[PDB]
Every structure is written in structure tokens, then in C-alpha cells.
Amino acid sequence: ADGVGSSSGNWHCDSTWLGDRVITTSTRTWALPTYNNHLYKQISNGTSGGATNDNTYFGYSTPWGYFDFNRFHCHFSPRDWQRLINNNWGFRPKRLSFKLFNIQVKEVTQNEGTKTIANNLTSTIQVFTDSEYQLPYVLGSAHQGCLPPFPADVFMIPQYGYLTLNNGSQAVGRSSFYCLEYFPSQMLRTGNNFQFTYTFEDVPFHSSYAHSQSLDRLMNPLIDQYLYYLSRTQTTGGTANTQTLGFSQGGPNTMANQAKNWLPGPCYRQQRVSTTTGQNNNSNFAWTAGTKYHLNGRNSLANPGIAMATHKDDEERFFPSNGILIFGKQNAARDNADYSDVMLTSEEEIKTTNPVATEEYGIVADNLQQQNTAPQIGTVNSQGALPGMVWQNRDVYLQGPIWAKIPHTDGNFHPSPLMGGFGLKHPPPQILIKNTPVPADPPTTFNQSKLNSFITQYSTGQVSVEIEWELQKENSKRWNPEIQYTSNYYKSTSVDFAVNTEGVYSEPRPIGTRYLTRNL
Amino acid sequence: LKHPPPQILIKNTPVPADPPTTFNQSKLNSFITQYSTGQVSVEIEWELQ
Amino acid sequence: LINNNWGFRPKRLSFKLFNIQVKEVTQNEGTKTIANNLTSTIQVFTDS
């Protein structure tokens, strides 16, 4: 029987490995503030200010808040991430559990310059899941406010809000308004708890491997082809060279000429930037030279975009201008952070089947050659899907997003989220939480207007999340040793992935999942 | 002892002070000052020669 | 309702009153404080 004196949950943080499955469990401590003084508010941005047309919006900020566990380091310790990426070809989520317990509602009164805090034992909070997907889904945009990677940190719950259709700063007739109080929710006093379970739909394993072959090198290097290609249009070694047709079989010394069954994946070309600044052009081109898409008269940067190889061989210093994921180091500034303060991801492993982001896709013909007119060619900078293409997705990182909701549409092509992850028609439902308003003392004569005076209040508690993951084991006849993720051997002032003297936990660098290799 | 009596760990659960009303991503560093007390029993059976 | 139906009428209803909090306010000088009174009651009845 639940009561004020009895705890409603226990702390569960563990990882369990069972042959083909691994189960993660995390527990954190959270604090929930009252947002917007219990109000819904219209919020918008328009060109009337200094804002441009590309940045306009219309929407609403709610009094509610929400939980977000959608980053991988929520569920995996750096060591557990190492066990995963060094030994498995692939993995995917299966089911999850969620718990909310040990609720404490507290009240703060402030008189003069002193502040005191006390328990309010009869207050409640409200929690519900949107399991019919009736709200705008804001999870999947890579927002701050998830559970912290380090289990001992206490985190603040982020405020929920959403956008709808706009014209400038104005709203149109199709614009929707939503009230989160119009949903059935559970109310909890300090002795109550909340839980639910969820099952993931069938989804392909994330590929956590790099190819040991390239798409243009699938032939046997010993043997000739029986097919022929056009190798000569003109006679050679003579006083006057003339028109002729010559044919040759493709073989070991001409691999670029052989007939093949497959084509590289699609291309949408990015501008190239060097981390050596002296090599860049002396101009501010980040926005003007950016790779963008146009929608309803409004330009949006295509970021990170489709999965393309970051650079080619021996060109590590180059990266696509808006084509990669970028993470910040601990205590990095919000705006205009230095190169040293950020971490850049690399998609070099997909070079085998995906074109380089800063180069063209290929060459096509432009005209019809004749005796009078020489042939002309043209460069393909953007290429749509062609029959016979194969490609890889973008990699996932320990700091990155796990899933995204697939938009509900008539059609989609290869619905893998472009920031990386698992695309889901029915994603894990979003979880909304709010402090129930407690009025201050009303007047003794009736008044019809809604009360605007309340008791200042906030809540805290613990939350558990448990996810079961399916594993795809590596089965390989490779003779020589593989590449594995490892920590450095040499001495240093601190340990990577630990606290410092101050007690600040930091993450040294981004860690991907591609170490083991497979044949193409 | 290869497997000695296991060590027993205890901690006060942190209770935050009032957070700000606008969201901030950094971990909360303000808490309520707190401590705990209680009683503990230990009983050991000893074999005699 | 109004775009698709010729008519409508009420049938039955349910009423609930819950999560009661009684609070006391004392005011000394110019400061005001509010606290719970856990043993207070309220009275409710229907005139049926």
C-alpha cells in the first residue's frame, strides 16, 4: 500500500548481455519547473523585425513538458558501446519499458530577501503518453534536454511547444491549435507511480560494419572478360590518322573499362571546406555557398543531407560545408564556437559504395558527335535514383539520435532518417508531464475572470527506461585481425570518459559503430 | 577470504532546489541541504574449537 | 455535431469531485503565508 512514508520505485541501472540480445536500463533524477505561468501562448517570428523570410514561423508554447531518451548515450555506457561495436555486424531495438516514481512536489515562498522551500504533500502532477500520435511530434529534431549520459547528473525537463502553418508571422485557416488538457491523463501524488510498455515494429538492422571491397572492384583480377568495349575511334601510328572502330576485351590492366552490374548511390553535391583555413577562400560563404532545398518560397539548408562519403583518400582535412554531424565539447559556446571546441564526424567508410560529397557523380553526353562537330560532355552534380544503385546509410554515434518518426504521406523513398537512425511509422510515444496548478487565496466576493494568482511550485523524481536490443552476430572468415575501437595506452592528465577534478563529465570524441568489415 | 563479506554502499538521494522557469541544458548545481540518520544491526555466528 | 445531425438531446450524466486540498492563510504584518490544513473538511450535497 502506497503512502507518504514508502518509496514507490527502486534505482535500476544495468546492462545485460545474453548471446543475441542486450538489455539496457537507466535511471536519472529530474526536476520540473512551472512553465509559462500555467499558460498557453501564441508565439511567432516575422520579417517585421530583422528576420528574413527563411526563418519565419507561427506556433504555440504550452505549459507542459516532456521526456526525451532519444540519444544513444542515454542507454549505453562508453564501455557497453565498445562491446557492441567491436563484436556485432548489426543491431536494432525491440521493446521498451518506462517508469516514473518517487514523486516530490515542493513549494517555494519568498518573503523579503529570504527564500524557503517546503513539501506540499497533497499536490499532484499530470502525465500521459500520446499513443495515437494525435500531437505534433517534436521528438526527432535533435533537441537538447534528453537524459544525461552520466548517471549521477540531475537534469531539467524541457518545455513542450510546436509550430503550425504560417504566412510570414500570421496564421492561415488551416493552422491547428492544440490543448494538452483535452487528453485523458493520470494524476499522481507523492505516493503514486506511472509506467507503460512499448513494442518496436520490425525494422532493418543498423549496419555496423565497413565494406572490405569497393563497388568498382568486384571482378576476378586474374581473368579476362568475354565482353568487348569500344577502345579505338581513330587510326594511330601513321602519316594521316583516320576514322576506325576498334574493340577490346576488358581485363586486369583495364579495370576502368570493364562491364559491371551495379552503380554508386545518389548524389547531391556539397561545397568543400578545409580545416586548414589558409586554403579556404577569403569570404563568408557559409550561407551563400550552402547546399539548400526550396520549399514554398523559403530556403532551407540541406543538413546533413543524403549520406555521402566525407572525403576521399588522403584528404582527411576536407569536409562538406553542411554535410556532416558536428558535436560540441564540454563548455563549448552556443554561437561562433572555435574549431577546437567542436568534434567533426566522418563518413569515410562508405566510400566503397557512396560518392564523395564534394565531387561530381559522373559524366554524361551533351550533344551528338558528327564529322563536322566534336563530342561534348557535361558534369552531373545532382543525381536521382537509377536502377542498379546500391548505397549505405549514415552511421550512428554514441552521442547521436536513435530514431525518427516517418512523416505520414502518400509516398516516401527509402525512409531512413538523414541525421541517422531507425525510421518508424509508429515511434515510441511522446510523454507529457505538468505540475497541476494550485491557486492562491481567491477573493471573498465572486469574480468571473480566471484566477491568475498561484502558489509557486515545482517537482522532482526518478525515471527509468529499459530497452531490449536484438543483435546480429559477426560471422567472418577473414584471416587477419580487424580494426577495433580502443582507448589510448599512453599517460594523460585525465581519463577519457570520466569526471575531471571539478567533477564535470565529458566525452572526448564522437564514436561511430563501423569497425568490423564485410565483403561487398 | 576469496569472497569476503560484501561492501555496503549508502548515499542520500539529491533533492534539487527550484529550477529556473526557462529551460537550460546544463546539469543543476543547486540543491537542498540534507542529511540522514538511523540504526544498523549486524549479527555474526562464530564456530568454537 | 452541427454539420451532420438533424437533432440531439441529453441522456445521462456523471459527476465527480476529487483531489481535495484545504489550505489556510495567516497574515502577520505585511507578509502572507499559505499552508496545508490536512484535517479540515468540505461539505457537498445534491438537492435531488
# chains A, B, ... in the order shown; residues from 1 in each chain; ligands from 1

$ residues_around --residues "residue 17 of chain C" --least-positions-apart "2" --cutoff "12 Å" --atoms "only C-alpha atoms" --output "PyMOL selection string"
chain C and resi 14-15+19-21+42-45

$ write_last_selection --atoms "N, CA, C and O atoms" --output "PDB file, in the first residue's frame"
ATOM      1  N   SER C  14     -22.677  11.932 -15.442  1.00  0.00           N
ATOM      2  CA  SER C  14     -21.895  11.571 -14.272  1.00  0.00           C
ATOM      3  C   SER C  14     -21.135  12.789 -13.777  1.00  0.00           C
ATOM      4  O   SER C  14     -20.751  13.655 -14.564  1.00  0.00           O
ATOM      5  N   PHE C  15     -20.920  12.848 -12.471  1.00  0.00           N
ATOM      6  CA  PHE C  15     -20.278  13.979 -11.823  1.00  0.00           C
ATOM      7  C   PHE C  15     -19.275  13.428 -10.826  1.00  0.00           C
ATOM      8  O   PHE C  15     -19.568  12.454 -10.136  1.00  0.00           O
ATOM      9  N   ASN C  19      -9.521  15.008  -5.493  1.00  0.00           N
ATOM     10  CA  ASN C  19      -8.242  15.665  -5.204  1.00  0.00           C
ATOM     11  C   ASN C  19      -8.422  16.949  -4.402  1.00  0.00           C
ATOM     12  O   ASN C  19      -7.928  18.009  -4.776  1.00  0.00           O
ATOM     13  N   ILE C  20      -9.102  16.837  -3.265  1.00  0.00           N
ATOM     14  CA  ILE C  20      -9.444  17.993  -2.451  1.00  0.00           C
ATOM     15  C   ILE C  20      -8.214  18.482  -1.700  1.00  0.00           C
ATOM     16  O   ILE C  20      -7.482  17.689  -1.100  1.00  0.00           O
ATOM     17  N   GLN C  21      -7.979  19.790  -1.724  1.00  0.00           N
ATOM     18  CA  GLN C  21      -6.956  20.412  -0.894  1.00  0.00           C
ATOM     19  C   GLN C  21      -7.557  21.577  -0.129  1.00  0.00           C
ATOM     20  O   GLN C  21      -8.030  22.537  -0.737  1.00  0.00           O
ATOM     21  N   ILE C  42     -14.640  19.642   3.723  1.00  0.00           N
ATOM     22  CA  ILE C  42     -15.621  20.406   2.969  1.00  0.00           C
ATOM     23  C   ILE C  42     -16.907  19.600   2.987  1.00  0.00           C
ATOM     24  O   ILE C  42     -16.901  18.401   3.266  1.00  0.00           O
ATOM     25  N   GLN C  43     -18.015  20.262   2.684  1.00  0.00           N
ATOM     26  CA  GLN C  43     -19.327  19.634   2.692  1.00  0.00           C
ATOM     27  C   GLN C  43     -19.953  19.744   1.313  1.00  0.00           C
ATOM     28  O   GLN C  43     -19.944  20.818   0.713  1.00  0.00           O
ATOM     29  N   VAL C  44     -20.498  18.643   0.816  1.00  0.00           N
ATOM     30  CA  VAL C  44     -21.108  18.595  -0.503  1.00  0.00           C
ATOM     31  C   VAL C  44     -22.419  17.833  -0.408  1.00  0.00           C
ATOM     32  O   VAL C  44     -22.496  16.803   0.264  1.00  0.00           O
ATOM     33  N   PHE C  45     -23.453  18.333  -1.079  1.00  0.00           N
ATOM     34  CA  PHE C  45     -24.661  17.543  -1.262  1.00  0.00           C
ATOM     35  C   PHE C  45     -25.369  17.993  -2.527  1.00  0.00           C
ATOM     36  O   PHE C  45     -25.215  19.126  -2.981  1.00  0.00           O
TER      37      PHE C  45
END

$ closest_atom_pairs --of "chain A" --to "chain B" --cutoff "9 Å" --atoms "only C-alpha atoms" --output "CSV"
residue,atom,partner,partner_atom,distance
A:29,CA,B:14,CA,8.1
A:30,CA,B:16,CA,8.4
A:31,CA,B:16,CA,6.9
A:32,CA,B:19,CA,7.4
A:33,CA,B:21,CA,5.8
A:34,CA,B:21,CA,6.3
A:35,CA,B:21,CA,5.8
A:36,CA,B:21,CA,7.7
A:37,CA,B:21,CA,8.7
A:106,CA,B:18,CA,8.5
A:107,CA,B:18,CA,8.8
A:108,CA,B:18,CA,7.6
A:117,CA,B:17,CA,7.9
A:144,CA,B:25,CA,6.4
A:145,CA,B:25,CA,5.9
A:146,CA,B:25,CA,8.9
A:148,CA,B:27,CA,8.3
A:153,CA,B:27,CA,6.1
A:154,CA,B:27,CA,5.6
A:155,CA,B:27,CA,5.3
A:156,CA,B:25,CA,7.0
A:157,CA,B:23,CA,7.5
A:158,CA,B:23,CA,5.7
A:159,CA,B:23,CA,6.7
A:457,CA,B:18,CA,8.2
A:458,CA,B:18,CA,6.7
A:459,CA,B:18,CA,8.6
A:460,CA,B:16,CA,7.3
A:461,CA,B:15,CA,8.6

$ write_last_selection --atoms "N, CA and C atoms" --output "PDB file, in the first residue's frame"
ATOM      1  N   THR A  29      17.565  11.377 -12.242  1.00  0.00           N
ATOM      2  CA  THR A  29      16.794  12.237 -11.359  1.00  0.00           C
ATOM      3  C   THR A  29      16.464  13.524 -12.094  1.00  0.00           C
ATOM      4  N   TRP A  30      15.193  13.897 -12.096  1.00  0.00           N
ATOM      5  CA  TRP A  30      14.734  15.077 -12.814  1.00  0.00           C
ATOM      6  C   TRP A  30      14.021  16.106 -11.947  1.00  0.00           C
ATOM      7  N   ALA A  31      13.963  17.332 -12.451  1.00  0.00           N
ATOM      8  CA  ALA A  31      13.281  18.435 -11.795  1.00  0.00           C
ATOM      9  C   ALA A  31      12.359  19.105 -12.814  1.00  0.00           C
ATOM     10  N   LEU A  32      11.115  19.372 -12.440  1.00  0.00           N
ATOM     11  CA  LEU A  32      10.177  20.002 -13.359  1.00  0.00           C
ATOM     12  C   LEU A  32       9.674  21.341 -12.846  1.00  0.00           C
ATOM     13  N   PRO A  33       9.964  22.419 -13.573  1.00  0.00           N
ATOM     14  CA  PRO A  33       9.519  23.774 -13.243  1.00  0.00           C
ATOM     15  C   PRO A  33       8.141  24.073 -13.812  1.00  0.00           C
ATOM     16  N   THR A  34       7.497  25.128 -13.338  1.00  0.00           N
ATOM     17  CA  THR A  34       6.224  25.542 -13.906  1.00  0.00           C
ATOM     18  C   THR A  34       6.572  26.424 -15.101  1.00  0.00           C
ATOM     19  N   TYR A  35       6.056  26.090 -16.273  1.00  0.00           N
ATOM     20  CA  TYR A  35       6.344  26.866 -17.469  1.00  0.00           C
ATOM     21  C   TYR A  35       5.194  27.799 -17.816  1.00  0.00           C
ATOM     22  N   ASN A  36       5.542  28.986 -18.309  1.00  0.00           N
ATOM     23  CA  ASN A  36       4.597  29.968 -18.848  1.00  0.00           C
ATOM     24  C   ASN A  36       3.561  30.439 -17.844  1.00  0.00           C
ATOM     25  N   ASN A  37       3.823  30.295 -16.552  1.00  0.00           N
ATOM     26  CA  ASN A  37       2.828  30.576 -15.520  1.00  0.00           C
ATOM     27  C   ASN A  37       1.495  29.902 -15.825  1.00  0.00           C
ATOM     28  N   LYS A 106       7.139  20.312  -4.406  1.00  0.00           N
ATOM     29  CA  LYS A 106       7.634  21.266  -3.431  1.00  0.00           C
ATOM     30  C   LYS A 106       7.161  22.671  -3.753  1.00  0.00           C
ATOM     31  N   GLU A 107       6.986  23.464  -2.708  1.00  0.00           N
ATOM     32  CA  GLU A 107       6.528  24.836  -2.822  1.00  0.00           C
ATOM     33  C   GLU A 107       7.588  25.776  -2.281  1.00  0.00           C
ATOM     34  N   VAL A 108       7.756  26.904  -2.948  1.00  0.00           N
ATOM     35  CA  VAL A 108       8.742  27.900  -2.570  1.00  0.00           C
ATOM     36  C   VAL A 108       8.037  29.227  -2.368  1.00  0.00           C
ATOM     37  N   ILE A 117      11.772  26.596   1.214  1.00  0.00           N
ATOM     38  CA  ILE A 117      11.213  25.541   0.384  1.00  0.00           C
ATOM     39  C   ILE A 117      10.624  24.491   1.307  1.00  0.00           C
ATOM     40  N   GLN A 144      18.130  19.570 -27.401  1.00  0.00           N
ATOM     41  CA  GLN A 144      18.703  19.408 -26.081  1.00  0.00           C
ATOM     42  C   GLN A 144      17.629  18.979 -25.089  1.00  0.00           C
ATOM     43  N   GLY A 145      18.063  18.442 -23.961  1.00  0.00           N
ATOM     44  CA  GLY A 145      17.139  18.076 -22.917  1.00  0.00           C
ATOM     45  C   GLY A 145      16.833  16.608 -22.770  1.00  0.00           C
ATOM     46  N   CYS A 146      17.622  15.727 -23.365  1.00  0.00           N
ATOM     47  CA  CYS A 146      17.466  14.311 -23.090  1.00  0.00           C
ATOM     48  C   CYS A 146      18.018  13.966 -21.710  1.00  0.00           C
ATOM     49  N   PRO A 148      20.788  12.743 -19.271  1.00  0.00           N
ATOM     50  CA  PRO A 148      22.228  12.967 -19.375  1.00  0.00           C
ATOM     51  C   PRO A 148      22.972  11.662 -19.566  1.00  0.00           C
ATOM     52  N   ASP A 153      24.087  12.807 -12.907  1.00  0.00           N
ATOM     53  CA  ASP A 153      23.662  14.178 -13.150  1.00  0.00           C
ATOM     54  C   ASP A 153      22.154  14.323 -13.001  1.00  0.00           C
ATOM     55  N   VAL A 154      21.728  15.486 -12.523  1.00  0.00           N
ATOM     56  CA  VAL A 154      20.316  15.816 -12.366  1.00  0.00           C
ATOM     57  C   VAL A 154      19.936  16.803 -13.459  1.00  0.00           C
ATOM     58  N   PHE A 155      18.865  16.508 -14.188  1.00  0.00           N
ATOM     59  CA  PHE A 155      18.546  17.275 -15.381  1.00  0.00           C
ATOM     60  C   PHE A 155      17.171  17.916 -15.287  1.00  0.00           C
ATOM     61  N   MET A 156      17.036  19.008 -16.020  1.00  0.00           N
ATOM     62  CA  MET A 156      15.813  19.780 -16.119  1.00  0.00           C
ATOM     63  C   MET A 156      14.990  19.270 -17.293  1.00  0.00           C
ATOM     64  N   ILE A 157      13.679  19.228 -17.120  1.00  0.00           N
ATOM     65  CA  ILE A 157      12.783  18.742 -18.175  1.00  0.00           C
ATOM     66  C   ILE A 157      12.471  19.876 -19.144  1.00  0.00           C
ATOM     67  N   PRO A 158      12.569  19.655 -20.448  1.00  0.00           N
ATOM     68  CA  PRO A 158      12.349  20.739 -21.410  1.00  0.00           C
ATOM     69  C   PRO A 158      10.882  21.062 -21.644  1.00  0.00           C
ATOM     70  N   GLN A 159      10.645  22.298 -22.063  1.00  0.00           N
ATOM     71  CA  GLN A 159       9.290  22.769 -22.295  1.00  0.00           C
ATOM     72  C   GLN A 159       8.796  22.319 -23.662  1.00  0.00           C
ATOM     73  N   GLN A 457       5.712  26.625  -7.357  1.00  0.00           N
ATOM     74  CA  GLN A 457       5.757  25.194  -7.132  1.00  0.00           C
ATOM     75  C   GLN A 457       6.614  24.508  -8.190  1.00  0.00           C
ATOM     76  N   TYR A 458       7.207  23.371  -7.821  1.00  0.00           N
ATOM     77  CA  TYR A 458       7.990  22.562  -8.752  1.00  0.00           C
ATOM     78  C   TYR A 458       8.067  21.144  -8.215  1.00  0.00           C
ATOM     79  N   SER A 459       8.494  20.216  -9.065  1.00  0.00           N
ATOM     80  CA  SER A 459       8.538  18.814  -8.680  1.00  0.00           C
ATOM     81  C   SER A 459       9.836  18.139  -9.120  1.00  0.00           C
ATOM     82  N   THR A 460      10.124  17.003  -8.486  1.00  0.00           N
ATOM     83  CA  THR A 460      11.305  16.192  -8.761  1.00  0.00           C
ATOM     84  C   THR A 460      10.953  14.717  -8.645  1.00  0.00           C
ATOM     85  N   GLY A 461      11.808  13.871  -9.199  1.00  0.00           N
ATOM     86  CA  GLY A 461      11.608  12.446  -9.057  1.00  0.00           C
ATOM     87  C   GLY A 461      12.659  11.664  -9.804  1.00  0.00           C
TER      88      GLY A 461
END

$ atom_distance --atom1 "atom CA of residue 366 of chain A" --atom2 "atom CA of residue 263 of chain A"
20.7 Å

$ interface_residues --of "chain C" --to "chain A" --cutoff "9 Å" --atoms "only C-alpha atoms" --output "mmCIF file with C-alpha atoms, in the first residue's frame"
data_model
loop_
_atom_site.group_PDB
_atom_site.id
_atom_site.type_symbol
_atom_site.label_atom_id
_atom_site.label_comp_id
_atom_site.auth_asym_id
_atom_site.auth_seq_id
_atom_site.Cartn_x
_atom_site.Cartn_y
_atom_site.Cartn_z
ATOM 1 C CA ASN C 19 -8.242 15.665 -5.204
ATOM 2 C CA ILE C 20 -9.444 17.993 -2.451
ATOM 3 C CA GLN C 21 -6.956 20.412 -0.894
ATOM 4 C CA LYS C 23 -5.477 25.457 2.729
ATOM 5 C CA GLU C 24 -5.095 28.041 5.471
ATOM 6 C CA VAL C 25 -3.738 31.561 5.118
ATOM 7 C CA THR C 31 3.701 39.186 4.917
ATOM 8 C CA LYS C 32 1.299 36.414 3.919
ATOM 9 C CA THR C 33 1.865 32.667 4.091
ATOM 10 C CA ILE C 34 -0.227 29.705 2.966
ATOM 11 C CA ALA C 35 -0.111 26.170 4.334
ATOM 12 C CA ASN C 36 -1.999 22.908 4.171
ATOM 13 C CA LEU C 38 -4.750 18.278 6.451
#

$ residues_around --residues "residue 232 of chain A" --least-positions-apart "2" --cutoff "9 Å" --atoms "only C-alpha atoms" --output "list in words"
residues 230, 234, 235, 244, 245, 246, 247 and 248 of chain A

$ write_last_selection --atoms "N, CA and C atoms" --output "compact mmCIF listing (two decimals), in the first residue's frame"
# COMPACT_ATOMS: atom_id res chain seq x y z
N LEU A 230 34.35 -0.48 -76.75
CA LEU A 230 34.95 0.31 -77.81
C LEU A 230 36.22 0.95 -77.29
N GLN A 234 40.08 5.96 -83.78
CA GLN A 234 40.94 6.60 -84.77
C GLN A 234 42.16 5.73 -85.01
N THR A 235 42.64 5.71 -86.24
CA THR A 235 43.88 5.01 -86.51
C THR A 235 45.05 5.75 -85.88
N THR A 244 38.08 4.92 -87.55
CA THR A 244 38.04 3.46 -87.49
C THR A 244 37.32 3.01 -86.23
N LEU A 245 36.97 1.74 -86.16
CA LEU A 245 36.35 1.19 -84.96
C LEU A 245 37.22 0.05 -84.43
N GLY A 246 37.58 0.12 -83.15
CA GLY A 246 38.41 -0.89 -82.52
C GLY A 246 37.77 -1.40 -81.25
N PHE A 247 37.85 -2.70 -81.01
CA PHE A 247 37.24 -3.28 -79.82
C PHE A 247 38.22 -4.14 -79.03
N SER A 248 38.08 -4.13 -77.71
CA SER A 248 38.97 -4.89 -76.85
C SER A 248 38.16 -5.53 -75.74

$ select_by_dssp --residues "chain C" --states "strand (DSSP E or B)" --output "ChimeraX atom specification"
/C:23-28,31-36

$ decode --residues "segment 10-33 of chain C" --atoms "N, CA and C atoms" --output "compact mmCIF listing (two decimals), in the first residue's frame"
# COMPACT_ATOMS: atom_id res chain seq x y z
N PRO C 10 -29.85 15.32 -24.53
CA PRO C 10 -29.09 14.65 -23.46
C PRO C 10 -29.78 13.39 -22.95
N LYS C 11 -28.98 12.46 -22.44
CA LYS C 11 -29.45 11.18 -21.93
C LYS C 11 -29.12 10.94 -20.47
N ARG C 12 -27.84 10.90 -20.12
CA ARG C 12 -27.43 10.66 -18.75
C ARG C 12 -26.15 11.43 -18.46
N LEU C 13 -25.84 11.60 -17.18
CA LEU C 13 -24.61 12.30 -16.81
C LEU C 13 -23.97 11.67 -15.59
N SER C 14 -22.68 11.93 -15.44
CA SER C 14 -21.89 11.57 -14.27
C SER C 14 -21.13 12.79 -13.78
N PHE C 15 -20.92 12.85 -12.47
CA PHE C 15 -20.28 13.98 -11.82
C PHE C 15 -19.27 13.43 -10.83
N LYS C 16 -18.09 14.02 -10.76
CA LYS C 16 -17.08 13.61 -9.80
C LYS C 16 -16.38 14.82 -9.21
N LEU C 17 -16.01 14.70 -7.95
CA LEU C 17 -15.32 15.74 -7.20
C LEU C 17 -14.17 15.07 -6.47
N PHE C 18 -12.94 15.49 -6.72
CA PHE C 18 -11.81 14.73 -6.21
C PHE C 18 -10.57 15.61 -6.06
N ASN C 19 -9.52 15.01 -5.49
CA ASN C 19 -8.24 15.66 -5.20
C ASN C 19 -8.42 16.95 -4.40
N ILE C 20 -9.10 16.84 -3.26
CA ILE C 20 -9.44 17.99 -2.45
C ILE C 20 -8.21 18.48 -1.70
N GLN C 21 -7.98 19.79 -1.72
CA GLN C 21 -6.96 20.41 -0.89
C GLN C 21 -7.56 21.58 -0.13
N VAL C 22 -7.51 21.51 1.20
CA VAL C 22 -7.91 22.63 2.04
C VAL C 22 -6.65 23.34 2.51
N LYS C 23 -6.64 24.66 2.38
CA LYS C 23 -5.48 25.46 2.73
C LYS C 23 -5.85 26.60 3.66
N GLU C 24 -4.91 26.97 4.50
CA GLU C 24 -5.09 28.04 5.47
C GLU C 24 -4.10 29.16 5.20
N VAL C 25 -4.56 30.39 5.36
CA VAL C 25 -3.74 31.56 5.12
C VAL C 25 -3.74 32.41 6.37
N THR C 26 -2.55 32.67 6.90
CA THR C 26 -2.38 33.58 8.02
C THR C 26 -1.57 34.77 7.53
N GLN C 27 -1.91 35.95 8.02
CA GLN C 27 -1.29 37.19 7.57
C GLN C 27 -0.83 37.96 8.79
N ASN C 28 0.49 38.11 8.93
CA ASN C 28 1.08 38.87 10.01
C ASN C 28 1.83 40.05 9.41
N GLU C 29 1.61 41.24 9.98
CA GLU C 29 2.16 42.47 9.44
C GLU C 29 1.87 42.60 7.96
N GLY C 30 2.91 42.68 7.14
CA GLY C 30 2.75 42.80 5.71
C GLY C 30 3.09 41.55 4.92
N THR C 31 3.36 40.43 5.59
CA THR C 31 3.70 39.19 4.92
C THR C 31 2.53 38.22 5.02
N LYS C 32 2.38 37.38 4.00
CA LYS C 32 1.30 36.41 3.92
C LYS C 32 1.87 35.04 3.60
N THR C 33 1.43 34.03 4.33
CA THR C 33 1.87 32.67 4.09
C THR C 33 0.66 31.75 3.98
